[PDB]
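Undergrad: Plus 21 on top of the position in the sequence shown (first one is 1) and you've got the entry's author numbering.
No residue lacks a Cβ here, since even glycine has one placed at the ideal position from N, Cα and C.
Following this message is one structure expressed as structure tokens.
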Amino acid sequence: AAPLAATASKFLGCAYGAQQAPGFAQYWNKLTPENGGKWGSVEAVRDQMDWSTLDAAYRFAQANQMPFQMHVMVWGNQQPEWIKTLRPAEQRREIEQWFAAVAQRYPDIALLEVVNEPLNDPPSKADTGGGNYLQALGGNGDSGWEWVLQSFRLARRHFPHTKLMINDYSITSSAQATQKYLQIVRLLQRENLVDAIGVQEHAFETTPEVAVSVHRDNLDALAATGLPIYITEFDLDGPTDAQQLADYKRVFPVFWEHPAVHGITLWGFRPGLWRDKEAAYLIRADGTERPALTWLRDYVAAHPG
Ligand SMILES: O[C@@H]1[C@@H](O)[C@H](O)OC[C@H]1O
Ligand SMILES: [Ca+2]
């Protein structure tokens, strides 16, 4: 039994970790580590690196010839706790060492997610896993996004052959948010710092009060940069099987059939994925496939692009 996108022109991948492991390669052909590549997962204690969970995702991806998306170098959650109180110069040396460490250990990263959530969750908080290192990367600076520039400069320096991606949520749901995001992309491109645009597209981003057409128009706007688009963390809630199925039919094709979208990654498929309470899983606890998954296999087989 072969992955859904086996004969398609773009990948259909999934978040990977212990609860998503069973049967993974029979469904998906690309992966992102759900949690193990966050900095606070690897370096919870300063200067001792626990690569075990990240190694598990990378080794699995390689064993299965699937592209690996490193998630994530800079974010405002699940960052180490010890960095919060260091002076910015010291924080910066730690950031640099984290970049260099990842680059050395993982030579075959397909897509490096350098910054996730610049419009929503910058590393500027000092709560649990907040990081509080925005000023180590120059803060907002002249342009308003200096720290994003600095993060991508470090990634270019340390990963000279790797495709660099920016990622965020609640982008395609509004023109104003898409224009905001594209200002960051514009600033990055002044120095040719970014290679791909990611948008997460969780359930909360694609609800029907905003028409799918508006998401399509914003995809076109993002695509106007000439950069490839990736849908990075897709999920649709399933309080009933039928709501989930109807949502899949309404939402999924718009992203899948967009000529600038070069891959979609679901944010899990088995119970225990992030939106478990909302029953976003496509396979039930008893191992059975839900009607949205039945539909999705057929739809992807019929849409190779
Ligand atoms: O790491 C993921 C993040 O990028 C996004 O906010 O969705 C939840 C997290 O699991
Ligand atoms: Ca260190």
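Should the stretch 178-196 be called in touch with the stretch 80-89, which here means at least 3 C-beta pairs below 8 angstroms?
TA: Because the criterion of three Cβ pairs below 8 angstroms is not met, the stretch 178-196 and the stretch 80-89 do not touch.
Undergrad: Using only alpha-carbon positions, find the residue among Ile104, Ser73, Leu317 and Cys35 that is nearest to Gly152.
TA: Residue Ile104 is the option with its Cα nearest to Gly152.
Undergrad: Assuming contact is defined by CB atoms lying nearer than 9 angstroms, are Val282 and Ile252 in contact in what I supplied?
TA: A contact, by the Cβ cut-off of 9 angstroms.
Undergrad: For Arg67, verify whether its CB is less than 8 angstroms away from any heavy atom of ligand 2.
TA: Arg67: yes, Cβ under 8 angstroms from ligand 2.
Undergrad: Tell me which residue opens and which closes the beta strand (DSSP E) that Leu33 is part of.
TA: Run containing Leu33: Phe32 to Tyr37, per the beta strand (DSSP E) assignment.
Undergrad: Kindly indicate which residue of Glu134, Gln204, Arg271 and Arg80 has the alpha-carbon position closest to the one of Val231.
TA: It is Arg271.
Undergrad: Would you call the stretch 294-302 and the stretch 252-263 touching, i.e. three or more CB-CB distances under 8 angstroms?
TA: Yes, they touch.
Undergrad: Put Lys298 into one of helix, strand or coil per three-state DSSP.
TA: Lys298 falls in the coil class under three-state DSSP.
Undergrad: Quick one: which unbroken beta strand (DSSP E) runs of 3-plus residues sit fully inside the stretch 97-167? Chain order, please.
TA: 132-137, all fully within the stretch 97-167.
Undergrad: Could you compute how far the alpha carbon of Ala124 sits from the alpha carbon of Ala263?
TA: If I take the Cα positions, the gap works out to 44 angstroms.
Undergrad: Measure how close the beta-carbons of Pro274 and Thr28 come, nearest whole angstrom, since I'm counting them as under 8 angstroms.
TA: Not confirmed; about 17 angstroms, so no contact.
Undergrad: Does ligand 1 have even one heavy atom less than 8 angstroms from the beta-carbon of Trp49?
TA: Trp49 Cβ: outside cutoff for every heavy atom of ligand 1.
Undergrad: With respect to the alpha helix (DSSP H) encompassing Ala65, which residues constitute its N-terminal and C-terminal limits?
TA: No alpha helix (DSSP H) contains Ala65, which DSSP labels as neither H nor E.
Undergrad: Is it buried or exposed for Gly57, if we count other Cβ within 10 angstroms and need 16 for buried?
TA: Looking at its Cβ environment, which holds 16 or more other Cβ atoms inside 10 Å, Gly57 is buried.
Undergrad: Could you check which residue in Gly61, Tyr127, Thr74 and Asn161 has the C-alpha nearest to that of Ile116?
TA: Per the Cα distances, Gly61.
Undergrad: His324 by DSSP, collapsed to three states: which one?
TA: Three-state DSSP puts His324 in coil, outside helix and strand.
Undergrad: Nearest CA to the CA of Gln156: which residue from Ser172, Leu317, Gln204 and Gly284?
TA: Here the closest residue by C-alpha is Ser172.
Undergrad: Taking 8 angstroms as the cut-off, is the C-beta of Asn56 nearer than that to any heavy atom in ligand 1?
TA: Yes, the Cβ of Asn56 comes within 8 angstroms of a heavy atom of ligand 1.
Undergrad: For ligand 2, any of its heavy atoms closer than 8 angstroms to the Cβ of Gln40?
TA: Result no, Cβ not under 8 angstroms from ligand 2.
Undergrad: Do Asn239 and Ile192 have their CB atoms nearer than 9 angstroms?
TA: Cβ atoms of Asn239 and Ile192: closer than 9 angstroms.
Undergrad: Please list, in chain order, all residues of the same chain as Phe290 whose beta carbon is under 7 angstroms from its beta carbon, the five residues on each side excluded.
TA: Only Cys35, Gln41, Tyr48, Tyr302, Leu303 and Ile304 meet the Cβ criterion.
Undergrad: Going by Cα to Cα distance, which pick from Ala22, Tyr79 and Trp119 is closest to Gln69?
TA: Measuring from the Cα of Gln69, the nearest candidate turns out to be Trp119.
Undergrad: Is the closest heavy atom of ligand 1 to the C-beta of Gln90 under 8 angstroms?
TA: It does not: the Cβ of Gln90 is nowhere closer than 8 angstroms to a heavy atom of ligand 1.
Undergrad: Pick out whichever of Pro101, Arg80, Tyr127 and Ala267 has its Cα sitting closest to the Cα of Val66.
TA: Out of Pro101, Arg80, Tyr127 and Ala267, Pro101 has the C-alpha closest to the C-alpha of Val66.
Undergrad: My assumption, with CB atoms under 8 angstroms, is that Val93 sits in contact with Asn137. Please give the rounded CB distance.
TA: That pair is a contact at about 5 angstroms.
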